[PDB]
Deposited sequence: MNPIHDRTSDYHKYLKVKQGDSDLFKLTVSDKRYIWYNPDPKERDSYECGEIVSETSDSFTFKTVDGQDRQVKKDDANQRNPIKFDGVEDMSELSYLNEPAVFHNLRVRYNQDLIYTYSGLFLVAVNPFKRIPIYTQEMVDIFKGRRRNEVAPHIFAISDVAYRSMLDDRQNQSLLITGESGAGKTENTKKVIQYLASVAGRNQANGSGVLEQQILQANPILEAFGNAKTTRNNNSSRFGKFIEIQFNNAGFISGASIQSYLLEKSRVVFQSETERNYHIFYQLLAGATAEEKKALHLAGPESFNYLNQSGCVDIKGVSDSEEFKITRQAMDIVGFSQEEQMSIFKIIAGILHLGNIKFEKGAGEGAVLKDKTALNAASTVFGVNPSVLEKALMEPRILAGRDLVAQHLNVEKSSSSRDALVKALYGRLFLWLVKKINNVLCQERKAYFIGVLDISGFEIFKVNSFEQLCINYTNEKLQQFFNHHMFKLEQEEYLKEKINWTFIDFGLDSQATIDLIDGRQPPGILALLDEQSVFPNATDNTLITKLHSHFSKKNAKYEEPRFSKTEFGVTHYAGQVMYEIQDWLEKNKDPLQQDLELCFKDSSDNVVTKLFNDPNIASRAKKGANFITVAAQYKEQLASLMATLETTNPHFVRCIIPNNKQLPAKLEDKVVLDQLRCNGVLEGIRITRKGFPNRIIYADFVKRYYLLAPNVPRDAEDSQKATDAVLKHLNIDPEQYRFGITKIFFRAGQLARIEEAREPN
């Protein structure tokens, strides 16, 4: 049992290395430390100062350089005794302050221990290197072990969920969130891997379930400045099981796909992987049939100045993507058409519009246009017309308009985005068709989506994601509450989300989205109309809203994670996501078999119509409805720094996430009552020697406990006798630790 074999990789890689002795005496020390900011020239930078003295109200400690500073006891961040360095649950800490929390994480991280619990959460720090803890052999050690039984790990939480499902006959959910680059996806893949193995039918299905996300990754992921393999869409994976506990199917729901990246990427970034895959991977012959060239030959791929990802073979990935498609069940025909769509898009991006003639646009060279038309199988003349001379309803009149180059170009861009988003939607639907069962008994759903987003520039998509996150954090809050109450009950012992939530999705009075939708009805409304309406209703009138001192195009929202300033540019457009009807018409007649679906299947071609905001709101409520029916599990992924480097855990970077994702707040909350709770025998096992009476392995554990306690003359208010554990208040246990044997 690797778990008992101190020489195993299990031990090497997932546990704090255990020496020969276990004895208390070992960790003994006179020295008492404190966590201090060597400079409020920082406030997450801290050093450990040793307390060299104290007064009845404040401590005095040395600093690193040797300077004596003074602290208020009620302001000191006491450092936990060394025995606590490396515990598996932060709930085990006596002193639960910020620096102390970060320090435990860090000690663990320094030993490549990327997983640590914090009460209800599993906290996972990206190591930025591959630790060999996800082998089948690692899978097997986790089978059926309780939380307290094995080291912290994503496999552990997944096991706890599967057992819960089976035992309570209740659906479950794993919510995996945090910043881009944090490892959400990485961990989500490990959750699927695990389940397919502890519950798979020793199979085609399973293989298809696994080969499903590589298809989605090719189409939904891209290299950004924060992750070479960034998920540009959010997802909820339902893993379906029969009553016997075997995987029976699966379903995927995608959200917020970044269609905009198709037509533009920042410097060093890449467009979606598939473009590159096709281009590299296609057969000399397929190129000719697709009018394919190098990435440099395509405006949609030649602008950022990055057409390749280090250590990534686009050609080899193509092979992998195609294989996946093969496995899921995409027909070769279907696959051609999918590639055709990718090709056509590339062609659409290469169309050059010119003016002069007048104020109107024209197409002097039509190579590009013709290229896209062939691959899509639509009429280039019809296409051309729909591009620059769409017919617009001027009341009763249906007249064609001659668009300028700009307008012309943007329209082109909107056609590309709709084709991309619809394909994505169709691929998701194709895959669900295969995997998905109408006959499911139970499910474990996996949400891999970003946590709060607070960028230099915040736009509509950030408000959306942040809106979701206010809901998820309020859901965890409710959940912590119940579970916390429950514990207390079982042992015999003793917000604000709404307001932000309402400001965003409120109907009466109307909140942001409501107002946005309203403006959305008027063809002539502008960003200015919009921001002015927002300020009118909320500036100085809604406590979670802020009108900027000078910006005219932004507004701020006080979120759970702090204020977020948003820019209103293009919100109206984004809310309607328009596409010229004539473009719809052109493509509706497409001779292509996949293309026809994207335009003729109301379920793909249309939202409902309702606005983008209204759809986001409805989809978020459905998700939450689901979640509400599960027993949830929370994974908080954390990026150690902004450089994608191993062995470089940056305090400021880390602390900031801990503050935003709910970890430190929950600790704050916890720390207030009886954060430490220990199994009677566990307690004696360790502190027997502290009392002149007590046998290490006593049968009357509680007594034994009271014993020690009494010996020590500890203050009764600081502890609580529970039915199976001894409940301790903050710092009590550390002092205890600090006791002479």
- request: List in ascending order the stretches of the deposited sequence, numbered from 1, that lack C-alpha coordinates.
  value: 1, 204-208, 501-507, 622-626, 760-761
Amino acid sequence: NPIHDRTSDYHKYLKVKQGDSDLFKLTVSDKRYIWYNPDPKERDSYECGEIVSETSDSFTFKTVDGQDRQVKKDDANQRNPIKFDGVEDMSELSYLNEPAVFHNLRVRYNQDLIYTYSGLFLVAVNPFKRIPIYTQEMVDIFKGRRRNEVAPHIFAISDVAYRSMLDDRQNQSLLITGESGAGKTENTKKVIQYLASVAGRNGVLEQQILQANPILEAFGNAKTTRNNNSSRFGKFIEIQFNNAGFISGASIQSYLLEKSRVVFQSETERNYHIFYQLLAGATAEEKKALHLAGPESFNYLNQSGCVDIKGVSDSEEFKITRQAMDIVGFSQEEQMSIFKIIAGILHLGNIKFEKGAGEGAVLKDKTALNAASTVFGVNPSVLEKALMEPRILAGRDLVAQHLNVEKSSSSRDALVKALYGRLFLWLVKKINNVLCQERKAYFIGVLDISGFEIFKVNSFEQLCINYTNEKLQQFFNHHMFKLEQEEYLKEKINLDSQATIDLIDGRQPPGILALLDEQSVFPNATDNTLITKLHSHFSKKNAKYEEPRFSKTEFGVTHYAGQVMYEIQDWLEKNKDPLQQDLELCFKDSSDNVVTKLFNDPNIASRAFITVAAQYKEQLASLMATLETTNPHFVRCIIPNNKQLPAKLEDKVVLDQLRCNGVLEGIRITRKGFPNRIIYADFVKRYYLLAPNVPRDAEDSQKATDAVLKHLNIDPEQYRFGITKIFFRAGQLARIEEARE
From here on, numbers count along this sequence of modelled residues.
- line: Taking the deposited Cα B-factors and averaging over 409-417 and over 234-242, the higher mean is found in 409-417
- prompt: Mean C-alpha B-factor higher for 446-454, or for 369-377?
  reply: 369-377
task: Return the residue from 53, 702, 63, 676 that has the highest Cα B-factor in the entry.
output: 63
statement: In this crystal structure's PDB entry, the residue among 507, 540, 310, 145 with the greatest CA B factor is 310
message: Which third, lowest, middle or highest, does the C-alpha temperature factor of residue 282 belong to within its own chain?
response: highest
task: Compare the C-alpha B factor of residue 689 with those of the other modelled residues in its chain, then answer lowest, middle or highest third.
output: lowest
task: Divide the modelled residues of the chain into thirds by Cα B-factor and specify which third, lowest, middle or highest, holds residue 473.
output: lowest
- request: Name the third of the chain's ranked CA B-factors that contains residue 11, choosing lowest, middle or highest.
  value: middle
statement: Of the three thirds of Cα B-factor ranks in this chain, residue 390 occupies the highest
